[PDB]
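Down below is the structure, laid out as structure tokens.
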Amino acid sequence: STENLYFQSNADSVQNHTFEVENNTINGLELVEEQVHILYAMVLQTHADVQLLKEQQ
Amino acid sequence: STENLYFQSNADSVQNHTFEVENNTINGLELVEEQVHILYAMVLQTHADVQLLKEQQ
Amino acid sequence: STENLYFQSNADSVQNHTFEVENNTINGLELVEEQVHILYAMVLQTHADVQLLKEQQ
Amino acid sequence: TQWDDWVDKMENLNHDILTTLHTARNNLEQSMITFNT
Amino acid sequence: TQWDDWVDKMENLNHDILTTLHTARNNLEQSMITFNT
Amino acid sequence: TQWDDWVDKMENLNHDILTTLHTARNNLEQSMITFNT
Numbered sequence: 474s475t476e477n478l479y480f481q482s483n484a485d486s487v488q489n490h491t492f493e494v495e496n497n498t499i500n501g502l503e504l505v506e507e508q509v510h511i512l513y514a515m516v517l518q519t520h521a522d523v524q525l526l527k528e529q530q
Numbered sequence: 474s475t476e477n478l479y480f481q482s483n484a485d486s487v488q489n490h491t492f493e494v495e496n497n498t499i500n501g502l503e504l505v506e507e508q509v510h511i512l513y514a515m516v517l518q519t520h521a522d523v524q525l526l527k528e529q530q
Numbered sequence: 474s475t476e477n478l479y480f481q482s483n484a485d486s487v488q489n490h491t492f493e494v495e496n497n498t499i500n501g502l503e504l505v506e507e508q509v510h511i512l513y514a515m516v517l518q519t520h521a522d523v524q525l526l527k528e529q530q
Numbered sequence: 566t567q568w569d570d571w572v573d574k575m576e577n578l579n580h581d582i583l584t585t586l587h588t589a590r591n592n593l594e595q596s597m598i599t600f601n602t
Numbered sequence: 566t567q568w569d570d571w572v573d574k575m576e577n578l579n580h581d582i583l584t585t586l587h588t589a590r591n592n593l594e595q596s597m598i599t600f601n602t
Numbered sequence: 566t567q568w569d570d571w572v573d574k575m576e577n578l579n580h581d582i583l584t585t586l587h588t589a590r591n592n593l594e595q596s597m598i599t600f601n602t
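Chains as they are written, first to last, in the deposited numbering: chain A, 474 to 530; chain A', 474 to 530; chain A'', 474 to 530; chain B, 566 to 602; chain B', 566 to 602; chain B'', 566 to 602. A prime marks a further copy of an entry chain.
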């Protein structure tokens, strides 16, 4: 059953690579979200500086 | 055909959980995009404030 | 084997649409990341302007 | 200007992402319907 | 204010995304375990 | 400083995401080729 075993191995490979694509994509989303957090903090800090400048002006 | 029915049920479960992972990931992307929209507006507003400060200075 | 051929065609369709969902989602992540790059540059530029205003004040 | 060009790119990306998400959801829905056929 | 409302939306989105990622990972893990059954 | 540290994290994340997207696309391409074997 060499061929059927091979085609089964192929089926398993496609399935496992799908799991990997899914893991990569979830991981990428999480990384982008970490970037969002950083931008958000930078934006809040800049806003604070701007608020003081407006008070001083 | 208890075992084959079971293994078929397993196949269906894997397929349906894949659909769910895909839905979760599309949903997460959409949520991140909503965050992008908010950052973008904050950034534009801060820019406006800064432009006025530059004019006043 | 009309029915089995049809059900096989259905299996292939589900598989190929899965590949497409995966491609769409990776593509969406990449697009969001390009937006992140733009926000980041805007944020850095605004920070620069703010730094000068703080020096002038 | 530098700023206007960033705005233009951001807005084009907005549209691209909207269409991409719609396409993704449509492909997902198609696969689900086919699987349940 | 405009700014406070943006902050509130950002923070609610933070929570939504955290829960969404957890759900995604949980569904993935379930599918892997089932496939290897 | 606070700002420099944010810049460093953003840039490291840039690299991480680039490699992650490449990996995702590579795994997808592998699965497609195998399926069509």
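From the three backbone atoms N, C-alpha and C, an ideal C-beta is built for every residue, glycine too.
**Prompt:** Taking 8 Å as the CB-CB limit, is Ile598 (chain B') close to chain A?
**Reply:** Taking the first residue of the fifth sequence as position 1, residue 598 (chain B') is located at position 33. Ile598 (chain B') does not count as touching chain A.
**Prompt:** Using a beta-carbon distance below 8 Å, is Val509 (chain A'') in contact with chain A?
**Reply:** Position 36 of the third sequence, counted from the first residue, corresponds to residue 509 (chain A''). So, interface residue.
**Asked** Taking the C-alpha atoms as reference points, what is the distance between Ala484 (chain A'') and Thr475 (chain A'')?
**Response** Here residue 484 (chain A'') is taken as the residue at index 11 of the third sequence, counted from 1. Here residue 475 (chain A'') is taken as the residue at index 2 of the third sequence, counted from 1. Cα to Cα, the separation comes out at about 14 Å.
**Request:** Using a Cβ cut-off of 8 Å (strictly closer), state whether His490 (chain A'') contacts chain B.
**Result:** Position 17 of the third sequence holds residue 490 (chain A''). Chain B, which has a Cβ nearer than 8 Å to the Cβ of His490 (chain A''), makes this yes.
**Request:** Report the rounded CA-to-CA distance for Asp522 (chain A') versus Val523 (chain A), giving the unit in angstroms.
**Result:** What you label residue 522 (chain A') is simply residue 49 of the second sequence in a count that begins at 1. What you label residue 523 (chain A) is simply residue 50 of the first sequence in a count that begins at 1. C-alpha separation (whole angstroms): 7 Å.
**Asked** What is the DSSP secondary structure of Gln530 (chain A'), reduced to helix, strand or coil?
**Response** Here residue 530 (chain A') corresponds to residue number 57 of the second sequence, with the count starting at 1. Coil, per DSSP.
**Item:** Residue environment, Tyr479 (chain A'), which counts as buried when at least 16 other CB atoms sit within 10 Å
**Value:** Within the second sequence, numbered from 1, the residue matching residue 479 (chain A') stands at position 6. That one is exposed.
**Item:** Nearest candidate by alpha-carbon position, reference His510 (chain A''), set B'':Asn601, B'':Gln567, B'':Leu578
**Value:** The residue labelled residue 510 (chain A'') in the question sits at position 37 within the third sequence. Of B'':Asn601, B'':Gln567, B'':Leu578, the residue nearest in Cα terms is B'':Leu578.
**Message:** On the CB-based measure, 16 or more other CB atoms within 10 Å of its CB, does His587 (chain B) come out buried or exposed?
**Reply:** In the fourth sequence, residue 587 (chain B) corresponds to position 22, counting from 1. The residue is exposed, with fewer than 16 neighbouring Cβ atoms inside 10 Å.
**Request:** Return the Cβ separation of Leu583 (chain B) and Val494 (chain A'') in integer angstroms, given the expectation that the two are a contact with Cβ distance under 8 Å.
**Result:** Within the fourth sequence, numbered from 1, the residue matching residue 583 (chain B) stands at position 18. Within the third sequence, numbered from 1, the residue matching residue 494 (chain A'') stands at position 21. Between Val494 (chain A'') and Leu583 (chain B) the Cβ distance is about 17 Å, and since that is not below 8 Å, they are no contact.
**Prompt:** So the alpha helix (DSSP H) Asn592 (chain B') belongs to, where does it begin and stop?
**Reply:** Within the fifth sequence, numbered from 1, the residue matching residue 592 (chain B') stands at position 27. Unbroken alpha helix (DSSP H) run through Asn592 (chain B'): 567–600.
**Prompt:** Is the Cβ of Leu502 (chain A'') closer than 8 Å to any Cβ of chain B''?
**Reply:** Locating residue 502 (chain A'') in the third sequence gives position 29, where the first residue counts as 1. Yes, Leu502 (chain A'') counts as interfacial toward chain B''.
**Request:** Would you please state the rounded distance, in angstroms, between the beta carbons of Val516 (chain A') and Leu512 (chain A'')? I believe it to be under 8 Å.
**Result:** Locating residue 516 (chain A') in the second sequence gives position 43, counting from the first residue. Locating residue 512 (chain A'') in the third sequence gives position 39, counting from the first residue. The pair is a contact, with the Cβ atoms about 6 Å apart (cut-off 8 Å).
**Asked** By how many angstroms is the C-alpha of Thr519 (chain A'') removed from the C-alpha of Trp571 (chain B'')?
**Response** Stepping through the sixth sequence from its first residue, residue 571 (chain B'') is reached at position 6. Stepping through the third sequence from its first residue, residue 519 (chain A'') is reached at position 46. If I take the Cα positions, the gap works out to 15 Å.
**Request:** Return no unless some Cβ of chain B'' is closer than 8 Å to the Cβ of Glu506 (chain A'').
**Result:** As a working mapping, residue 506 (chain A'') is identified with position 33 in the third sequence. Yes, its Cβ sits closer than 8 Å to a Cβ of chain B''.
**Message:** Rounded to whole angstroms, what is the Cα-Cα separation between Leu504 (chain A'') and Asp573 (chain B)?
**Reply:** Reading the third sequence from its first residue, position 31 is the one you call residue 504 (chain A''). Reading the fourth sequence from its first residue, position 8 is the one you call residue 573 (chain B). Going by the C-alpha atoms only, they are around 14 Å apart.
**Item:** Contacts that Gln481 (chain A) makes with chain A'' (C-beta to C-beta distance below 7 Å)
**Value:** Mapped onto the first sequence, residue 481 (chain A) falls at position 8. Near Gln481 (chain A) there are no residues of chain A'' at all, since even the closest Cβ is about 15 Å away, more than 7 Å.
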